[PDB]
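Below is one structure, written out as structure tokens, with a few remarks after it.
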């Protein structure tokens, strides 16, 4: 936004990605925003979980969900109408959803 760029020391780097919640709506889907002092790194289809929320904790205790990116600091989440109203707290991180070579074989097949 401005020309400045702070002058602190190194903080971010390595390890998974994370973000903070500045404001979220209780809709289906709902539109949430990120913290000015934070950056988002998820695309339409990624997954995120809740950390320490006030009121809207049910999300954290219900496994991660799928997000939607509307903009740089704008984005939506799954249906959050079946939970309490967001009061405070709430950290959005990037869960480690399955991404390995998982396969299943019910029948038997040795040599065709």
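In the numbering used here, the protein residues as written are 1378 to 1489. We treat Cβ as the ideally placed atom computed from N, Cα and C, and that holds for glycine.
Between 1450, 1479, 1400, which lies nearest to residue 1378 when the distance is taken from Cα to Cα?
Closest option to residue 1378, Cα to Cα, is 1450.
In angstroms with no decimal places, state the Cα-to-Cα distance between residue 1413 and residue 1485.
When rounded, the distance between both Cα atoms is 56 Å.
Quick one: using the 10 Å Cβ neighbour count with 16 as the cut-off for buried, is residue 1436 buried or exposed?
In this structure residue 1436 is buried. Its beta-carbon is surrounded by 16 or more other beta-carbon atoms within 10 angstroms.
Where are the beta strand (DSSP E) runs, 3 residues long or more, that stay fully inside the stretch 1397 to 1483, in chain order?
Segments of the beta strand (DSSP E) lying fully in the stretch 1397 to 1483: 1407 to 1411, 1424 to 1427, 1442 to 1446, 1451 to 1454, 1468 to 1470.
Grab me the residues of residue 1396's own chain with a C-beta within less than 6 Å of its C-beta, minus the 5 sequence neighbours each way, in chain order.
Cβ-Cβ distances below 6 Å link residue 1396 to 1411, 1415, 1417, 1469 in the same chain, with the five nearest sequence neighbours on each side left out; the list follows chain order.
DSSP state of residue 1395, grouped into three classes?
The answer is strand: DSSP assigns residue 1395 an E or B state.
Environment of residue 1423 [buried if 16+ CB atoms lie within 10 Å]
Buried, because 16 or more other Cβ atoms sit within 10 Å of the Cβ of residue 1423.
Output yes or no for whether 8 Å exceeds the beta carbon distance between residue 1403 and residue 1453.
No, they are not a contact pair.
Apart from the five residues on each side of it in sequence, which residues of its chain come closer than 6 Å, Cβ to Cβ, to residue 1394?
The answer, listed in chain order, is 1418, 1471.
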